[PDB]
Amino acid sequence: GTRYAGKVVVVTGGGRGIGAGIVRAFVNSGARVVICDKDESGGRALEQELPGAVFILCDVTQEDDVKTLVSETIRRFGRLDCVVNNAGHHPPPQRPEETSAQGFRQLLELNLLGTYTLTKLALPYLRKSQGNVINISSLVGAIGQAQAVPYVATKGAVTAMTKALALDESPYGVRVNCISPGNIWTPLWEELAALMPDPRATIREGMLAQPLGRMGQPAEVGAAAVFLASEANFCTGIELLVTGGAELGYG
């Protein structure tokens, strides 16, 4: 209840799914948490539920929204210790010939440039607090995925950008790390499965893709984020896999 007491955390895409799991984990560790989301429904409910969490409406693809998010966080809480760049989207499966440059650009705006913009605007405050950045990437940025060229590209970019930023910010003592989850049961996973010819089969396949035989939970990604923020003081530029072993062995 005190391993990150007194610290201030911003979580983007914090209204549901992995982001909400990360919000809950940080509140339980004593932090004050700003929930950033473009959708009010989940984030407003979480603010009512959790002592120590507040909701700020913010679309991370809009530069002016992000400037306001950072200024409001400082105005309300006086410091900024950790930014968790979790907002992102996985489009439905698309063969390469079905993708468009336009759709690719739109996905880059969210999955990559939104993470870049918030990080850049937060860095002056993180340097003052010797804070840290946690990016949520994906296992498929490392090993690939079928029917997902744009998504995979965006997550390969996030993982690489994490390492570049870690080098740049190391003189200030600011650590920059990423978490690469595998299959985590979230509303996004459910929405994508619902598009498949047999959703039940897709979900079963998703559970069996891991040697541990289940999907991961948002709380498990949340615990990894709290570790990186609060206890991983000699870790920077790492990719922490939270995948249940999916990358291991033949299949």
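Start at 1 with the first residue shown and count on from there.
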Per the PDB entry, mean CA B-factor is higher for 241 to 249 or 1 to 9, namely for 1 to 9
Of 38 to 46 and 219 to 227, the stretch with the higher mean C-alpha B-factor in the deposited entry is 38 to 46
When the CA B-factors of 137, 162, 119, 99 are compared as recorded in the entry, which is the largest?
99
Among the candidates 81, 109, 72, 169, give the one with the maximum CA B-factor reported in the record.
72
Ranked C-alpha temperature factor of residue 94 among modelled chain residues, by third:
highest
Which third, lowest, middle or highest, does the C-alpha temperature factor of residue 128 belong to within its own chain?
highest
What third of the chain, by the recorded C-alpha B-factor, contains residue 175?
lowest
Is residue 105 in the lowest, middle or highest third of its chain when residues are ranked by C-alpha B-factor?
middle
Comparing residue 189 with the other modelled residues of its chain, is its CA B-factor in the lowest, middle or highest third?
highest
